[PDB]
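Single-letter residue listing:
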There are 2 protein chains.
Amino acid sequence: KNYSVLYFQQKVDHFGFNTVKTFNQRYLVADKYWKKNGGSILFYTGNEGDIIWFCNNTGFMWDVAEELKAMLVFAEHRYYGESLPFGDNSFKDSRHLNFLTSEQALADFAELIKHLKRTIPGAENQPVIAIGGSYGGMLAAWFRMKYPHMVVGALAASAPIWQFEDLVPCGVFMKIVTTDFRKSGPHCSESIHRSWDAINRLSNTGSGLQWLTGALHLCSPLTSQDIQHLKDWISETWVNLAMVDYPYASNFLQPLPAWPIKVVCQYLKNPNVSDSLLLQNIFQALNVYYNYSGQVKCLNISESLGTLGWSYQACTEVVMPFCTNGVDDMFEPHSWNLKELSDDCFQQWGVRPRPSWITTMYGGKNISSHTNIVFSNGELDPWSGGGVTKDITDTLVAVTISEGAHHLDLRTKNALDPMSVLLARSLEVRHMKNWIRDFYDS
Amino acid sequence: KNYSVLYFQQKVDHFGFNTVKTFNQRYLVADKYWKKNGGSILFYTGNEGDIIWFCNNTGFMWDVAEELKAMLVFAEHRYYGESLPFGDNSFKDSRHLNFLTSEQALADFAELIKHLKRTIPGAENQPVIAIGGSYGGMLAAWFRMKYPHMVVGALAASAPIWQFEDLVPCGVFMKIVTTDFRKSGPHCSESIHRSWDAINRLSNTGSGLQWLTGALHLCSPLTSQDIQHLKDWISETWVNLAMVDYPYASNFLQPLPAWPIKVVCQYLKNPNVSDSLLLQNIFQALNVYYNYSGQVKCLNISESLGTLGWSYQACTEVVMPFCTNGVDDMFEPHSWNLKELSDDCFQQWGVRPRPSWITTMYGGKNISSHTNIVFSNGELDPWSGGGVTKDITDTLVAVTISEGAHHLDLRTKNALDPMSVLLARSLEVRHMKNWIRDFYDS
Ligand SMILES: *[C@@H]1O[C@H](CO)[C@@H](O[C@@H]2O[C@H](CO)[C@@H](O)[C@H](O)[C@H]2NC(C)=O)[C@H](O)[C@H]1NC(C)=O
Ligand SMILES: *[C@@H]1O[C@H](CO)[C@@H](O[C@@H]2O[C@H](CO)[C@@H](O)[C@H](O)[C@H]2NC(C)=O)[C@H](O)[C@H]1NC(C)=O
Ligand SMILES: *[C@@H]1O[C@H](CO)[C@@H](O)[C@H](O)[C@H]1NC(C)=O
Ligand SMILES: *[C@@H]1O[C@H](CO)[C@@H](O)[C@H](O)[C@H]1NC(C)=O
Ligand SMILES: *[C@@H]1O[C@H](CO)[C@@H](O)[C@H](O)[C@H]1NC(C)=O
Ligand SMILES: *[C@@H]1O[C@H](CO)[C@@H](O)[C@H](O)[C@H]1NC(C)=O
Ligand SMILES: *[C@@H]1O[C@H](CO)[C@@H](O)[C@H](O)[C@H]1NC(C)=O
Ligand SMILES: *[C@@H]1O[C@H](CO)[C@@H](O)[C@H](O)[C@H]1NC(C)=O
Ligand SMILES: *[C@@H]1O[C@H](CO)[C@@H](O)[C@H](O)[C@H]1NC(C)=O
Ligand SMILES: *[C@@H]1O[C@H](CO)[C@@H](O)[C@H](O)[C@H]1NC(C)=O
């Protein structure tokens, strides 16, 4: 429904006394259904984008507001949306971006909760539950781990809190992406697997380069220096699809039908095919993701401040090891190269990744002492490879959604939602209301 | 006995990527009694001074090493001893002192534990227990709260983790100091209480100012501009004595006998006294603290890098509210003035205190979710006013030492140790071995 757009003055640096500069962090408040009379606060720990986007898309929060008689708070992450510490200069240099860390964001969330309990009459002694998806989920989980005095519990939806170092294998994500295509149709993964070598052949002559350009209906003519970028963009497509493999039609990044992988896997399916015919089928598949509603005239393989911030973060703290092997996946082999990644990070930002940091700060797998965190994960979501899929304790629990892609549980109810989601969404509220009840009884 | 002096390269900034500068943090290792064969690591979270000083004085650690078959680690706090990030320049400006926070110190401790488990063969899968006294105690407790993946538990000895904001009354510390003198002899507190007004009278004339100088055997002649400093120094004496009111003779800051308050309270005791005679008795009392072994010719009321660092910290994060009222204490009234304190901090360092910070970071009183922390406190220790004196849970436990001044429990055994200490020191090991056992059985 409707909310109020609010601003709160925040220190730029919570970890140092030298800078005294402030900035306004944007946040949203939805108060209908909230009962001052023994209710609760559902706090979304904002991630890598505009807070309105997360507000507009986390349906489960609005869907569960009345039942939990809650106030909804959506807190924007510093350096995203309108919550820029140095305004336009925020991405200027390594000096200006120094304050973009997960610790600074968690510290903003504590200051903001402090402010709401102080400001809103009735809030002062109410329980607050942290909710988040993807990095927002990692943030929500870490917020209960470090600030248990601020939040009673956390719902960490598709939060890959273990996608680091040697915790999980670098192959897993792409292995799951492959599994999605294989289980979505006969000879689908096999078709994609064979496609790379076929693109490589055609990349050899200028005539083949011209043919490829037309077959794929590209905007610009392919040169031989473009071939690695072309394959990267196609790989990026299959990846995207695995995260958006929803039980119903959707318009998140692109207009897409129900079970989009099943729809693309229809164009592949025939094994007895020529390399020329195989790439025509590949196009048809690309066409469903990029042009499902006649949206484009040609496919442009080339492709902002939200990606800039994420890039900085991926270059500093959030260093997730990724690789493909062509054996456990349908992709060409690519190893995880920390050294190479480090040098590109220094070139763009003038900073170097700390690949062990997150593990030293947030604990890695060693988190048994914590309580009240429900980790939900979809079976289709490649991100589940780096998440928690089995219960750590009676209070640190895992919830799997078979037929669930990237955090389906946080979406607005559809009709097409399998039992696995509704059943999980209910287990979520079950746990949330057990945290509120336990808080009020102490 | 004997230890090894070691150094470990540490990042200057753990909370930012802009600075890449490093420094060597000093640490000590005692390995006799340590069994690679299912033992433990007793880690002292270094506080506001030289690590050797803490090593030389935390007897309980060496006394319990064999029983817990442990390696002793003494980690120096950044900006103290030889662990200076910018060497001689470390205290230069507000820019250079930016990195002196409790979070940075806790982050150094995590990096150092990581290094020992990586470096020392056998350490890798052993349990580590954080030990600390005073601020070291606050640090040890906070280290289990934030890094439970690094330490199994903590022994927080005389750690005033609640000496902030409105958590406790600003009067408490000085109320306890008063109680120590009152219970240590008839008319002792009454004598000190009356002394202030008597010093004020004599401060009026130059003849009285001269008399006072001789009666107190001062080094420099008292002027009227010195009177507030004189009273401050005498107040500082009674304070010191309450923290060092030990059951046996000691030479920590000054050569002192057993129960030094009882010894000073002998010189007061007579109520039926003149103001002139009262100040002669006050001197006799000052004489036991400053000259018990003929150490000085005169008492110098005027009085370093360890105080500088502590001053910075007390000006930034560790902002503990203090006051005297003359009703619940034996002192002249002085209110807690945050505004005044803030301006003096800006004048000396160019920084302003954040009086609510520690509470937002470490949780204040709201710490029930944490586990395995034993808070010991002495009954005489004025610092116990801001500490934990009753059990929060079965695992967050309080231990009181009647006849115990400032962290008596951490000292080397004497013979003169009351049952209350030995009984508490044993309950400490009881809990410590329950954390090691539980770790090994999982
Ligand atoms: C995107 O989808 C639409 C419709 O499927 C395509 O638009 C067609 O354009 C062709 C040639 O330019 C015309 O003959 C027709 O007007 C369109 N067909 C239909 C059925 O509407 C468009 O070319 C698609 N594919 C790509 C790669 O852009
Ligand atoms: C500190 O203690 C000693 C001993 O109690 C004092 O030294 C005395 O000095 C006086 C005068 O200067 C001499 O007559 C004697 O040599 C000392 N007496 C004894 C018993 O040794 C000293 O003055 C004390 N008090 C102060 C305030 O300094
Ligand atoms: C949010 O959705 C509303 C309508 O539901 C729309 O006006 C707006 O464009 C959306 N904003 C974002 C950032 O998605
Ligand atoms: C591929 O070819 C062979 C024989 O020509 C056949 O046995 C098999 O069923 C074929 N499959 C498809 C999907 O065409
Ligand atoms: C492709 O997309 C980018 C990104 O906005 C744009 O700047 C570029 O000019 C585009 N070219 C074509 C032919 O679509
Ligand atoms: C942390 O967990 C891991 C694997 O989950 C285990 O092997 C390890 O030894 C645990 N704890 C410590 C303190 O080393
Ligand atoms: C530590 O004690 C030893 C002897 O036990 C001594 O040589 C040294 O002066 C002491 N150092 C400190 C800093 O107290
Ligand atoms: C103080 O004086 C009175 C009478 O002169 C007496 O009752 C009381 O015991 C005295 N106490 C001391 C310690 O001199
Ligand atoms: C008093 O102590 C200080 C601190 O070291 C010193 O600088 C000063 O000159 C001293 N004066 C006397 C008379 O003791
Ligand atoms: C924190 O503890 C205090 C006093 O110890 C209590 O009144 C308070 O409401 C507690 N928790 C919250 C979340 O407000």
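Thresholds applied
- Residues numbered from 1 in each chain as written, not as in the entry; some residues may be left out.
- Chains lettered and ligands numbered in written order.
- Heavy atoms only, no water.
- Least-squares fit on C-alpha atoms.
- Contact = heavy atoms within 4.5 Å.
- Disulfide = S-S within 2.5 Å.
- UniProt positions renumbered as here; feature names shortened; annotations may be inferred.
- Helix = DSSP H or I, 4+ residues; strand = E, 2+ residues; numbered from the N terminus.
- Axes fitted to C-alpha atoms, helices over the stretch in contact; angles between N-to-C directions.
- Parallel < 35°, antiparallel > 145°, perpendicular 65-115°, else oblique.
- Left-handed = near helix turned anticlockwise from the far one by under 90°.
- Nonpolar A, V, L, I, M, F, W, Y, C, P; charged D, E, K, R; others polar.
- Salt bridge = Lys/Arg side-chain N within 4 Å of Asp/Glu carboxyl O.
- Buried < 20%, exposed > 50% of the residue type's maximum accessible area, 1.4 Å probe, protein only.
- 1 Å grid on protein atoms, 1.4 Å probe; cavity = no way out; pocket = protein on both sides within 12 Å on 5 of 7 lines; lining within 4 Å.
- Points joined across faces, edges and corners; volume = space filled by probe spheres on them.
- Pairing = 2+ DSSP bridges.

The record names X-ray crystallography as the way this model was obtained, at a resolution of 2.79 Å.

Engineer: Where do I start with the relation of the copies chain B and chain A in this structure?
Structural biologist: Taken together, a rotation about one axis and a shift along it account for how the two chain copies relate. Of the transformation superimposing chain B on chain A, the axial component is 0.0 Å and the angular component is 180 degrees, with the fit at an RMSD of 0.0 Å. Here the two chains are linked by the operation of a two-fold rotation axis. Among all residues of chain B, the one whose C-alpha sits closest to the rotation axis is B:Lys146, at a distance of 2.9 Å. In this assembly the copies share their binding face: 100% of the residues contributing to the interface of chain B also contribute to that of chain A.

Engineer: Can you help me understand the UniProt feature "disulfide bond" in chain A in this one?
Structural biologist: Residues and elements named next belong to chain A. At 2.1 Å between sulfur atoms, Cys188 and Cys265 form the disulfide that UniProt records. In this pair, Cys188 sits in helix α6 (residues 188-202) while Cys265 sits in helix α9 (residues 260-267), placing the two residues 77 residues apart along the sequence. Of the disulfides listed in UniProt, the one joining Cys219 and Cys298 is reproduced in the coordinates: its sulfurs are separated by 2.1 Å, less than 2.5 Å. Placement of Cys219 in the loop between α7 (206-215) and α8 (227-243) and of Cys298 in the loop between α10 (275-291) and α11 (305-316) is noted, with a sequence separation of 79 residues between them.

Engineer: Sorry, what's going on with the packing of α6(A) against α8(A) here?
Structural biologist: Helices that pack against each other are described as a pair by the angle of their axes relative to one another and the distance between those axes. Residues and elements named next belong to chain A. For the pair α6 and α8, interaxial distance at closest approach is 11 Å and the crossing angle is 165 degrees. Viewed along their axes, α6 and α8 adopt a mutual orientation that is roughly antiparallel. Where α6 crosses over α8, the handedness of that crossing is right-handed. Where α6 approaches α8, its residues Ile192, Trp196, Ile199 and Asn200 are matched on the opposing element by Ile227, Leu230, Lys231, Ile234, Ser235 and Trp238. In the contact of α6 with α8, the residues fall into seven nonpolar, two polar and one charged.

Engineer: Got a minute to help me understand the pattern of salt bridges in this structure?
Structural biologist: A side chain of one charge can pair with a side chain of the opposite charge if their charged atoms are brought near each other. For the structure shown, the criterion picks out 22 salt bridges over all chains. Ionic pairing is found between A:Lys339 and A:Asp343, a salt bridge with its closest N-O pair at 2.8 Å. Of the two residues, A:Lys339 and A:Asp343 both sit in helix α12 (residues 338-348), four residues apart, roughly one turn of that helix. You can call A:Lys339 exposed: its relative accessible area is 58%. For B:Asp343, the salt bridge identified is with B:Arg352, shortest N-O distance 3.0 Å. The structure contains a network of salt bridges with shared partners spanning A:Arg26, A:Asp50, A:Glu76 and A:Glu82.

Engineer: Mind showing me how you'd approach empty space enclosed by the protein here?
Structural biologist: Empty space among the atoms becomes apparent when a probe as large as a water molecule is rolled across them. Estimated volume of the largest cavity: approximately 130 Å³. Listed by contribution, the elements that provide at least two residues to the lining of the largest cavity are α4 (135-146) of chain A together with α4 (135-146) of chain B. Taken together, the residues of the lining of the largest cavity break down into four nonpolar, six polar and two charged.

Engineer: What exactly am I supposed to notice about the sheet that holds strand β1 (residues 4-11) of chain B here?
Structural biologist: As a general point, the strands of a sheet are linked pairwise by backbone hydrogen bonds and lie either parallel or antiparallel. Residues and elements named next belong to chain B. What the eight strands build is an open sheet, ordered β1-β2-β4-β3-β5-β6-β9-β10; its pairing is mixed. The sheet is open, and its two borders are formed by β1 and β10 (396-401), each paired with just one other strand. Each neighbouring strand pair of the sheet contributes to a mean axis angle of 20 degrees, computed without reference to strand direction. Pairing of β1 with strand β2 (residues 22-30) involves eight bridges; the strand directions are antiparallel. Pairing of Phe8 across the sheet is with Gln25, part of β2. Lying over the sheet, helix α3 (residues 102-119) contacts β1, β2, β3 (40-45), β4 (70-75) and β5 (128-133), oriented at roughly 120 degrees with respect to β1.

Engineer: Help me understand the state of the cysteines, please; the structure alone is not making it clear to me.
Structural biologist: All names here are of chain B. Throughout the structure, instances matching the rule amount to eight disulfides over all chains. Linked covalently through their sulfurs, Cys170 and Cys323 form a disulfide whose S-S length is 2.1 Å. On the sign convention where negative is left-handed, the bridge of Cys170 and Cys323, at about 80 degrees about the S-S bond, is right-handed. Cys323 sits in the buried class, given a relative accessible area of 15%. Along chain A, the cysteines engaged in disulfide bonds are linked according to the scheme 1-7, 2-4, 3-5, 6-8 when indexed in sequence order.

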